[PDB]
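Peer 1: Can you read through this structure? Questions will come right after.
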Amino acid sequence: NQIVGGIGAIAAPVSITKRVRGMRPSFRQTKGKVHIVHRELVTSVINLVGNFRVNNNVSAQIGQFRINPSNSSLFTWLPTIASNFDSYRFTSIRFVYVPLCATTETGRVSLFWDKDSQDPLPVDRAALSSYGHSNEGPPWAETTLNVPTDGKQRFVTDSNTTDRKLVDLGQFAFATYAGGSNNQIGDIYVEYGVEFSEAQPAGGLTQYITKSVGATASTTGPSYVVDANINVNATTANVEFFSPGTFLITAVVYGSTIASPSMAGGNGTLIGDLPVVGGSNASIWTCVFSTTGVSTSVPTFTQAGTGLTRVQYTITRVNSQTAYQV
Amino acid sequence: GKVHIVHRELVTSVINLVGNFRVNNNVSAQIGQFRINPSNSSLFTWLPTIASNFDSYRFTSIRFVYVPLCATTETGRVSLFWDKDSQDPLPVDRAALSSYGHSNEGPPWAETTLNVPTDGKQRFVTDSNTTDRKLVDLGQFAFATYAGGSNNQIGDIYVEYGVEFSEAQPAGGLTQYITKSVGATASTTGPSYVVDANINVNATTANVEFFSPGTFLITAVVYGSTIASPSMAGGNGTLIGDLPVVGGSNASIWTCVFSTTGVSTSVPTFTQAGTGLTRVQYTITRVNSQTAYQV
Amino acid sequence: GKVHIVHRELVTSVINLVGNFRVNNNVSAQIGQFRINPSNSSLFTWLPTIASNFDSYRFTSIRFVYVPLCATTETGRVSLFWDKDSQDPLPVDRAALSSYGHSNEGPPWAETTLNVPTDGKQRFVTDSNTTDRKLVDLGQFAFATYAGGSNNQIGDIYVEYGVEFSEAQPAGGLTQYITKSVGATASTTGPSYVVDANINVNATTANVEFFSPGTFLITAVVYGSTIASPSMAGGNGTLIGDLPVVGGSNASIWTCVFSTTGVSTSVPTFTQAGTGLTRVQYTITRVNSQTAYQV
Amino acid sequence: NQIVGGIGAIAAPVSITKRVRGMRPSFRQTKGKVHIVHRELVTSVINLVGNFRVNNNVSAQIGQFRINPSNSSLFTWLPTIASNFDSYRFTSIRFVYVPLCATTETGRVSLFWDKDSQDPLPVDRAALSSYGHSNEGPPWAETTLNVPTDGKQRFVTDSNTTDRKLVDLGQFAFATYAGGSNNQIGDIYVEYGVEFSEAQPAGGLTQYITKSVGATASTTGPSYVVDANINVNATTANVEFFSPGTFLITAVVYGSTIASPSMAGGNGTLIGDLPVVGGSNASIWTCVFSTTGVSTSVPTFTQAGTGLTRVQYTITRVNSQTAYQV
Amino acid sequence: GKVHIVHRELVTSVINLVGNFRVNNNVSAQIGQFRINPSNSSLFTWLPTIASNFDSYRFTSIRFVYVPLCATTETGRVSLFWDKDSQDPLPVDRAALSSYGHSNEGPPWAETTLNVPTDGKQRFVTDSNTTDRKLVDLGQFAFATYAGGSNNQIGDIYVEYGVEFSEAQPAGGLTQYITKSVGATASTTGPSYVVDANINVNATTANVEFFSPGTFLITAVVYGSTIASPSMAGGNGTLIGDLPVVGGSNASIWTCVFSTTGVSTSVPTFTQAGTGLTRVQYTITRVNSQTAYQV
Ligand SMILES: [Ca+2]
Ligand SMILES: [Ca+2]
Ligand SMILES: [Ca+2]
Ligand SMILES: [Ca+2]
Ligand SMILES: [Ca+2]
């Protein structure tokens, strides 16, 4: 209760941390608009040593916390009920950072908001500091930013909508530029109040991406993945995720002879059987698996093959007890 | 007729030593060098890209903050102070800075602000010509640190201002032109990104490092006998482009785009070797990351 | 948090022909190239160095004016007009020319103004530019001359405006980057001080020529067989510094500071010959005069 | 905000430290007496391990925080305006110690006040504890002492005044006797209110000391240095400072042949050129330099020479842009 | 400065089938295709002849009615609904359309209206370029029918609107240009009268039918080997002029003026045979009955 002498001074403890409760969502209707407020987390920030890095990976994949109720990577409970509406408006939203490391962890972190959604995620240390809404902060003290709202209603991303910039409240991000260690530091909570209007039949929750050696990116659906998948001719069909959760996939390739997908030795763990067939001109392989984060080498599938023409996947989110013949 | 911007940006990092007294992260203190003026590119880093398109200013309110970066277990004393004329000499011992009328010390694990009083008069922005550079500034800012116990970056300082420009001039750009020879130094031209410190004589000696953050585009020509390639790796700043290079008999021209974090270490940024050298030139611009030389 | 800038500046020169139709000084006319947007470096000159530090703009007033820099003894009507959607394809006849919602036809020796209305909307500037640059602009400006005349310069167009920026970005650069292989249809980034008019195949063909005024700092690499030195003189643009150059075996790098103006005479500005070439790169930026090379 | 359990107890944090502001001085006149109150620092205490030590060096140089408005070693802003008066009186003065190390730094420190000014600075551990005004304290908690004032007016030390004991309010000191490490620990602030009376033409701010093999100490002016300079016959003319700041010096020696002053390899850094001439019977060398602290071996000038008779210096305080031909 | 018209015109007919679920009178539903926008010539039929002379609009109030045409003894369910973005996919079963917030069903022998809410913002009219075509529209309208028991036209739907145009553009016309080859489809240009469905390969196969009402003027060129004459009789639409025609060896050009009612059947409208064909072109304009090719 009493800190030892002297008096009236600044004291630095070993750790400070708020304790949180999982409050329920609460609804409210008003003039045909349904209003819902809730709080959940997004991710936990991890730092490197001696290297600038933003959003837990070095490629940093522009977007990826695109603030929009259809985005599953940021909101984890909102988008499965936001697919019943075609318009929204944020009435209040703030990002809360709460630490979970000791005071002896070093490396000053930051989190910030941009208004558009294709500014290519800065690399210089000085370019981070000059956003209009940010918080410089040490990695052991809580920091919160508000992000300003509008009156304009936007759309809730049911189609491809390639100029995905007029329908977004902005973009959220965070970065670290010192350190330290290679541990978790804290986790970012977001609490928010939204509106919805003009109810709709339920849209899909299934991504369909295509990739040949060319146009990247002829995709549709909610971006569980984005254009980060490597194939040229060689032992090259690499898929890796960044969004957490557990998914149901189905793949189809084309070209010369192939091999089996070697998922072992990387992120994400099997849960079923993954039946596979092919090896002459095309092959199909479906699976179901869970994954956690994360940024690392030797990515999550490394389908080799010999000489390839096209590849295309379908991704959908599903629980545990949906796998194959167990 | 008078614009009025309000912004909060970065200045520089701080680096303490093991129990001495340093002002603005060097010995010998480089008199001036943080004169607060919207064209001084060495302290502001977003402001002077628009102060080149004006001539007069008036700071309506300005404060300097200091946020921590280090662990709470590191000893130190950081201090922030302000003299109202630009070329009174900087102090040399820690006992002197208690006498400044606008000062604020504090431990390196807590935030620290100070205001700096303004006045309702207008000044000029151009500083390449005014000797003396004394009535064209609103003052002079300097920080200092005096304790142990490491050599690590233990924070940085941010400004929070409000300006009033008037009667615009045409934008000449933000490029530098740094010549150098084995002799008189250094005949700069432009803003002050970098710096009257770039070691080169005749031997394996053509060294340039930076001390301001940000991403940059540099071109350079050299002269003399056989020049080796610039091996940029090992020091501060990382390559983002392709680094084209040519020559090696009488001259060698090479462009680069990169970004540096500013904090320093040993083995500086570029470090061309060469064999026997005469002179060198540098043009430094600040530009973003999309404009990289592709491979 | 809304700055407000009022300023007046130049766009481009106007040249006419011996009795034909032409929009914006060429016949291919390259749809949308004078879209009005604060980050359009081909339209504004002083503005986009400020505009690359913000996201949301709003013109509060904008007014175009045409002054004659020509004698009163020559004929050929000029015209100014404005279209609020940014890719209607640039008409061909005289008849549909002078019937927009805002236009002012005039003779080539008289001063001619053009108001253009504003909206109370926030629009983004340009940031990794979209595929329908139509919701982000406040309109599209173009001029046209017909039934001259001669083949000389007969005036230039100035812009008065007033803007409100908001939501400050980090400092994007003002340098651009253009690569050109053989059969290229170039990829670029940053502003647009040039567009895809820079011809090269394998022969004495490595050409680039400007249209926008002002001083410039360029760097350029080439690749292939032996490369001749660039021969600047004979056409547009005047050298101001040293022009260092090296290479001639597989790749040559050269850097220039220069100033150019206005009309293209019938020869491009730099004209490297070479003997066999693969690809060329450029890095254009806008500087002032004293950032030259001093040998 | 809330310390974890239990409740109503004593908690030890990682660090405590006050944050300070550089308040301006403020003047006041009353009945012909000018009254001025101000706060500034003096030094930062550094400790050894396993050895008793007082005022950051082992020789400890009796005096050296002699509390008097002419003393530059303690007050750093006062003496340049206290040279316009011939009498003073302290109305309120306290010494404040504020920590800057972590809790894991050990070695209990102390600071104390004596009333005279030639008590020879104790060496025994027990002799430290029994001063009439002191504070035993750990090196991580703030401790303050007041020091009692009088009504008696004293003089402000414009002359040699060899019995420099009736004109002083006392003597300040501090010491450490355990540890620990070899780091800085904290710094001592002094806040004080003075008076002045009977204004004067401005006296000098220039010390002139002499030294031969004999009478030590035939000096004048403000004691920037004190009798700590070694010369006997041999390669022996050693000068080292303890007061911080930057100075203008001029030296003159006598005797047999000499050598150049080798300032490199110790405390204090060059700033100009130091022209030097001589080498037959006498030699002159001036310089200008800054120094920081400090107590170490191989002192700051080590003028060697061969066989010497006298040496005498002149010291004055001056800013940076006063050096030779740059 | 802003015009304001109020009008009530025709959209299209409705045709039910024997007990299935069809949306907008076809299977596969053709995503979009009734995006409500004054340039969408596929739903309005008097409006876009004046919306080509403007750029912006704002519907101030708009309702859609459905009047009956069939006998009262015919079973059916017609429905009218509206999604507020233009490229959400259309429903595929009758169970889905109960979830739309603005819907109104009814029997095919009674009148049925629905409103559609507006908003006070202005959009653009041009849709040849905006991908995505999503923020330039006020919504998307579609009807559907789900019962028996015939294949007859059982009504039609009418709009009743009020628009506010502003800042006119010059009238380019209303012509189409529909190229086609045995391969990629179809590279339209202009309004959407007709349609990405016109069957032709090489055999007795060059078929074009319409689905919008009105009187029209079409020209067409063909290519390949021997072409037969267009036998227009037997299908929808009646000749009103002379039908001139020429050629039959490498190409054949033919103009026609006619009117079609739109409702469909088998054996489509024109149906040229030919022998072996390469490509075909069509220009379709809407024009009245006095402009017929006389005999
Ligand atoms: Ca939607
Ligand atoms: Ca000027
Ligand atoms: Ca931004
Ligand atoms: Ca005296
Ligand atoms: Ca138009």
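The way I read the labels, and the way they are meant: chains A, B, ... in the order of the structure tokens, residue 1 as the first residue of every chain, and ligand 1 as the first ligand shown, with later ones counted on from there.
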Any idea what's packed within 8 Å of range 129-131 of chain A, counting only C-alpha atoms, ignoring anything in its chain fewer than 6 positions away? Could you give it as a PDB file with C-alpha atoms, in the first residue's frame?
Peer 2:
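Written file, part_8.pdb:
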ATOM      1  CA  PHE A 112      -1.370   4.367 -35.480  1.00  0.00           C
ATOM      2  CA  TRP A 113      -4.279   4.969 -37.845  1.00  0.00           C
ATOM      3  CA  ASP A 114      -4.279   5.998 -41.484  1.00  0.00           C
TER       4      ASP A 114
ATOM      5  CA  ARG B   8       3.392  16.826 -34.124  1.00  0.00           C
ATOM      6  CA  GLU B   9       6.501  15.163 -35.574  1.00  0.00           C
ATOM      7  CA  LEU B  10       9.873  13.618 -34.781  1.00  0.00           C
ATOM      8  CA  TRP B  46       7.897  16.997 -42.011  1.00  0.00           C
TER       9      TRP B  46
ATOM     10  CA  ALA C 168      -1.287  14.512 -42.327  1.00  0.00           C
ATOM     11  CA  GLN C 169       0.665  11.628 -43.875  1.00  0.00           C
ATOM     12  CA  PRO C 170       4.345  10.899 -43.490  1.00  0.00           C
TER      13      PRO C 170
END
Peer 1: Taking only C-alpha atoms and all ligand atoms into account, which residues have an atom no farther than 12 Å from ligand 1? I'd like them as number ranges by chain.
Peer 2: A: 69-70, 82-88, 154-161, 167, 197-204, 221-222; E: 83-90, 134-135, 139-140
Peer 1: Can I get the selection written as a short mmCIF file (atom, residue, chain, number, x, y, z; two decimals), in the first residue's frame, with N, CA, C and O atoms?
Peer 2:
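This is the output file part.cif:
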data_model
loop_
_atom_site.label_atom_id
_atom_site.label_comp_id
_atom_site.auth_asym_id
_atom_site.auth_seq_id
_atom_site.Cartn_x
_atom_site.Cartn_y
_atom_site.Cartn_z
N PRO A 69 -16.26 -3.87 -41.26
CA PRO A 69 -16.90 -5.01 -40.59
C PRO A 69 -16.84 -6.33 -41.34
O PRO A 69 -17.15 -7.35 -40.74
N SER A 70 -16.46 -6.35 -42.60
CA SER A 70 -16.28 -7.62 -43.27
C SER A 70 -14.91 -8.22 -43.03
O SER A 70 -14.69 -9.37 -43.42
N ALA A 82 -22.25 -9.40 -39.67
CA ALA A 82 -22.25 -8.24 -40.54
C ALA A 82 -22.42 -8.62 -41.99
O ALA A 82 -22.48 -7.73 -42.84
N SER A 83 -22.52 -9.90 -42.30
CA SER A 83 -22.82 -10.31 -43.65
C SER A 83 -24.31 -10.32 -43.93
O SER A 83 -24.73 -10.82 -44.98
N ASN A 84 -25.12 -9.82 -43.01
CA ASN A 84 -26.55 -9.70 -43.22
C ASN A 84 -26.98 -8.28 -43.53
O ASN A 84 -28.17 -7.99 -43.52
N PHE A 85 -26.03 -7.39 -43.79
CA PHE A 85 -26.35 -6.00 -44.02
C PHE A 85 -25.48 -5.49 -45.16
O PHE A 85 -24.48 -6.10 -45.51
N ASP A 86 -25.88 -4.37 -45.74
CA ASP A 86 -25.13 -3.75 -46.83
C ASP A 86 -24.61 -2.37 -46.51
O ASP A 86 -24.00 -1.75 -47.38
N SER A 87 -24.81 -1.86 -45.30
CA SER A 87 -24.26 -0.56 -44.98
C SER A 87 -23.98 -0.48 -43.49
O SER A 87 -24.66 -1.13 -42.69
N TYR A 88 -22.99 0.33 -43.13
CA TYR A 88 -22.58 0.44 -41.74
C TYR A 88 -22.11 1.86 -41.47
O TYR A 88 -21.97 2.67 -42.39
N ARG A 154 -20.89 3.49 -45.50
CA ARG A 154 -20.09 2.78 -46.48
C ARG A 154 -20.65 1.38 -46.64
O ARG A 154 -21.59 0.99 -45.97
N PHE A 155 -20.06 0.60 -47.54
CA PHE A 155 -20.54 -0.74 -47.84
C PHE A 155 -19.70 -1.80 -47.16
O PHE A 155 -18.56 -1.56 -46.77
N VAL A 156 -20.26 -3.00 -47.04
CA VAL A 156 -19.72 -3.98 -46.10
C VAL A 156 -19.10 -5.14 -46.89
O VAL A 156 -19.10 -6.29 -46.43
N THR A 157 -18.60 -4.84 -48.09
CA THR A 157 -17.63 -5.66 -48.83
C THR A 157 -18.15 -7.08 -49.10
O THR A 157 -17.70 -8.06 -48.52
N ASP A 158 -19.16 -7.15 -49.94
CA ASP A 158 -19.68 -8.43 -50.38
C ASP A 158 -19.18 -8.84 -51.75
O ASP A 158 -19.45 -9.96 -52.19
N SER A 159 -18.46 -7.97 -52.44
CA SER A 159 -18.01 -8.28 -53.78
C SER A 159 -16.52 -8.07 -53.92
O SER A 159 -15.82 -7.88 -52.92
N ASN A 160 -16.01 -8.11 -55.15
CA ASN A 160 -14.57 -7.97 -55.36
C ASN A 160 -14.10 -6.56 -55.06
O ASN A 160 -13.14 -6.38 -54.30
N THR A 161 -14.80 -5.55 -55.61
CA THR A 161 -14.65 -4.09 -55.38
C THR A 161 -13.19 -3.63 -55.30
O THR A 161 -12.70 -3.15 -54.27
N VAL A 167 -14.71 2.39 -49.27
CA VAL A 167 -15.64 1.68 -48.42
C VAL A 167 -15.02 1.33 -47.08
O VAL A 167 -15.51 0.45 -46.38
N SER A 197 -27.64 -1.12 -41.56
CA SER A 197 -28.89 -0.75 -42.19
C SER A 197 -29.10 -1.62 -43.41
O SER A 197 -28.16 -2.21 -43.93
N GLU A 198 -30.36 -1.67 -43.85
CA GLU A 198 -30.77 -2.26 -45.13
C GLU A 198 -30.38 -3.74 -45.20
O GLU A 198 -29.43 -4.12 -45.88
N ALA A 199 -31.10 -4.53 -44.41
CA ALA A 199 -30.88 -5.96 -44.27
C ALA A 199 -30.95 -6.69 -45.61
O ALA A 199 -31.54 -6.22 -46.58
N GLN A 200 -30.36 -7.88 -45.64
CA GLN A 200 -29.93 -8.52 -46.86
C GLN A 200 -30.04 -10.02 -46.66
O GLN A 200 -29.97 -10.49 -45.52
N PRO A 201 -30.22 -10.81 -47.73
CA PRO A 201 -29.93 -12.24 -47.62
C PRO A 201 -28.46 -12.45 -47.37
O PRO A 201 -27.62 -11.66 -47.80
N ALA A 202 -28.15 -13.52 -46.64
CA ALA A 202 -26.81 -13.73 -46.13
C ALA A 202 -25.84 -14.04 -47.26
O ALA A 202 -26.02 -15.01 -48.00
N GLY A 203 -24.83 -13.20 -47.40
CA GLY A 203 -23.80 -13.43 -48.39
C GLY A 203 -22.87 -14.55 -47.99
O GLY A 203 -22.94 -15.12 -46.90
N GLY A 204 -21.98 -14.88 -48.90
CA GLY A 204 -21.05 -15.96 -48.66
C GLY A 204 -19.93 -15.57 -47.73
O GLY A 204 -19.64 -14.39 -47.51
N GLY A 221 -14.59 -12.84 -52.66
CA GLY A 221 -14.90 -13.26 -51.31
C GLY A 221 -14.10 -12.51 -50.28
O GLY A 221 -13.29 -11.64 -50.60
N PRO A 222 -14.30 -12.84 -49.00
CA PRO A 222 -13.55 -12.16 -47.93
C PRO A 222 -12.10 -12.62 -47.91
O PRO A 222 -11.81 -13.81 -48.00
N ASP E 83 -32.08 -4.11 -53.96
CA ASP E 83 -30.89 -4.13 -53.12
C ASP E 83 -30.13 -2.84 -53.37
O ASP E 83 -30.10 -2.34 -54.49
N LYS E 84 -29.51 -2.29 -52.33
CA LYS E 84 -28.98 -0.94 -52.48
C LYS E 84 -27.56 -0.90 -53.01
O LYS E 84 -27.01 0.20 -53.15
N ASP E 85 -26.96 -2.03 -53.33
CA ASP E 85 -25.71 -2.02 -54.07
C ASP E 85 -25.85 -2.86 -55.33
O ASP E 85 -26.61 -3.82 -55.37
N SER E 86 -25.11 -2.48 -56.36
CA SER E 86 -25.43 -2.95 -57.69
C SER E 86 -24.91 -4.33 -58.00
O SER E 86 -25.43 -4.96 -58.93
N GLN E 87 -23.91 -4.84 -57.29
CA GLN E 87 -23.42 -6.16 -57.68
C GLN E 87 -23.36 -7.14 -56.52
O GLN E 87 -22.52 -8.04 -56.51
N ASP E 88 -24.28 -7.05 -55.56
CA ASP E 88 -24.60 -8.25 -54.81
C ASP E 88 -25.28 -9.22 -55.75
O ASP E 88 -26.05 -8.80 -56.62
N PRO E 89 -25.00 -10.52 -55.64
CA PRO E 89 -25.60 -11.48 -56.56
C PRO E 89 -27.10 -11.61 -56.37
O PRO E 89 -27.63 -11.42 -55.27
N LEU E 90 -27.78 -11.89 -57.47
CA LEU E 90 -29.22 -12.06 -57.45
C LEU E 90 -29.58 -13.39 -56.79
O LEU E 90 -28.79 -14.34 -56.85
N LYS E 134 -20.30 0.62 -58.59
CA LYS E 134 -20.95 0.32 -57.33
C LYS E 134 -21.34 1.56 -56.56
O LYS E 134 -22.38 1.57 -55.90
N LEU E 135 -20.52 2.60 -56.62
CA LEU E 135 -20.82 3.86 -55.96
C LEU E 135 -21.45 4.86 -56.90
O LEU E 135 -21.79 5.96 -56.46
N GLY E 139 -28.89 1.88 -56.75
CA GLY E 139 -29.22 0.55 -56.27
C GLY E 139 -29.29 -0.46 -57.39
O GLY E 139 -28.52 -0.40 -58.35
N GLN E 140 -30.21 -1.41 -57.23
CA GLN E 140 -30.39 -2.47 -58.20
C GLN E 140 -31.80 -2.99 -58.04
O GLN E 140 -32.20 -3.35 -56.93
#
Peer 1: Distance cut-off 9 Å, counting only C-alpha atoms - which residues of chain B neighbour chain D? Return them as a ChimeraX atom specification.
Peer 2: /B:18-21,27-29,31,72-77,79-81,88-114,146-149
Peer 1: If you run DSSP over the backbone, which residues in range 137-235 of chain C end up strand (DSSP E)? Put them as a ChimeraX atom specification.
Peer 2: /C:139-146,153-165,176-180,187-189,214-224
Peer 1: Counting only C-alpha atoms and all ligand atoms, which protein, DNA or RNA residues come within 12 Å of ligand 3, given as JSON, numbers by chain?
Peer 2: {"A": [112, 113, 114, 115, 116, 117, 118, 119, 120, 121, 122, 127, 128, 129, 130, 131, 132, 133, 134, 170, 171, 172, 173], "C": [51, 52, 53, 54, 55, 56, 124, 125, 126, 127, 128, 166, 167, 168, 169, 170, 171, 172]}
Peer 1: For residue 174 in chain C, work out the shell of residues within 7 Å, counting only C-alpha atoms and skipping chain neighbours fewer than 3 positions away, then give it as a VMD selection string.
Peer 2: (chain B and resid 287) or (chain C and resid 49 190 to 191 285)
Peer 1: Please return, as an NGL selection string, all residues of chain A lying within 6 Å of chain D when only C-alpha atoms are considered.
Peer 2: :A and (1-3 or 5-6 or 9-14)
